[PDB]
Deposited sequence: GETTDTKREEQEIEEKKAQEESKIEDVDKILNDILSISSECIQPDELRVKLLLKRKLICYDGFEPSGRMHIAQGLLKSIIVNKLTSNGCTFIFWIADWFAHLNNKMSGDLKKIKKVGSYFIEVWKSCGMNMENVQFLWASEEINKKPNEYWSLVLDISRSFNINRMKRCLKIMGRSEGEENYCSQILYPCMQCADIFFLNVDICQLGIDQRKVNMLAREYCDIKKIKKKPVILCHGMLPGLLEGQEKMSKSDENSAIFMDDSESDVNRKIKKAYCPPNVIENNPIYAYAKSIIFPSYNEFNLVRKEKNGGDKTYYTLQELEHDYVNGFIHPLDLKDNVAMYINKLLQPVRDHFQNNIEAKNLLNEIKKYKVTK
């Protein structure tokens, strides 16, 4: 009993570790993630969002699957409404009133994205920062003392900017603040897209500079590609798209036969549809011979390169399953009259 209780505990951490890594395109030190799973408390994870218009399905549907996997494995998750960051980054022409409306719309979508809200929080940056402004801004100032300008300009990607354009001082303040959020929120796991990893590597550098041994674990998820080959409004599906809009965008999306690399249609099947249902039921023509079910990811790869999966069949299955997962969101913005007028209000905004 005394020995058997140790063996089950070790295998318990091993399986929790392995399926947390399954949703990560890359993890900065899986050995550190195992150490954090051995602590008798829940791990704090977070992702941050600039309210700058309609919601990408990666931020609604893809996020719901990741947060569900983390909260079922001893983690709590924070949605960070980066309102002040969107203002600093000139989103919505910097209009703070519009940013807050888009933030409220994001929370309305997330609340009906099929997530489990028992261990999930929605926190607003400006609210939390002004609750403890001495601690927060002292962190920001101490981070600015630690890195030079060129080191910080390597984080431009986290705000969708580049060195080719005019670099405003806000592009130095922004990554200092995002880096400070990681410690301000006492985050254990930084669960953001790979486009944010530069500033998360910075936070780990800051721990070694300041001799902080509680370094955050970076658990970056891959970026869902654009629908067109080599990746405006038709580049991805959004949470408010209708059943007709999804079918139209998927129909003209890039889906090369017998090839899965850079295939956004297949990428939707692997990252969105499959983890939602834990299977993929490929329905086909009325008599040609379809309605087949898959169960793991490895057999999905082997059969698309095999030719048993036609492009029109994969696209129509992807488009159909995307519409099923989006229907709880459409139903909420149809029956709940207050959210319906909220959606109509933010759709009249001009995307900057």
Taking the deposited sequence from residue 1, the uncovered stretches are 1-14, 246-251, 373
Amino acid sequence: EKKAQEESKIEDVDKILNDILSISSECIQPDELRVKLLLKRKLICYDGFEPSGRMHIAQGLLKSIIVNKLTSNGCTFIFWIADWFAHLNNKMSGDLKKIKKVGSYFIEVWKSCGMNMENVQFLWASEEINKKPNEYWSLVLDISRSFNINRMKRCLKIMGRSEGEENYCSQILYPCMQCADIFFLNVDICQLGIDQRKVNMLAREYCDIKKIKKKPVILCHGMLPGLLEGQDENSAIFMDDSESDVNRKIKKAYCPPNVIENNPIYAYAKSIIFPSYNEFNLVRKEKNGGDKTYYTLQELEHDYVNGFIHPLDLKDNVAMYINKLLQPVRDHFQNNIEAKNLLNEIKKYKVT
From here on, numbers count along this sequence of modelled residues.
Comparing mean C-alpha B factor in the record for 174-182 and 209-217, the higher one is 209-217
Can you tell me which stretch has the higher mean Cα B-factor, 88-96 or 243-251? 243-251
Of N263, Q196, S144, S126, which one's C-alpha B factor is largest in the deposited record? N263
Residue, from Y105, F280, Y168, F79, that the PDB entry assigns the highest Cα B-factor: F280
Temperature factor at the Cα of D31, chain-ranked in thirds, falls in the middle
Comparing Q191 with the other modelled residues of its chain, is its CA B-factor in the lowest, middle or highest third? lowest
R161, C-alpha B-factor rank within chain (lowest, middle or highest third): highest
By the recorded C-alpha temperature factor, relative to the other modelled residues in its chain, which third is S138 in? lowest
How does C45 rank on Cα B-factor within its chain, lowest, middle or highest third? lowest
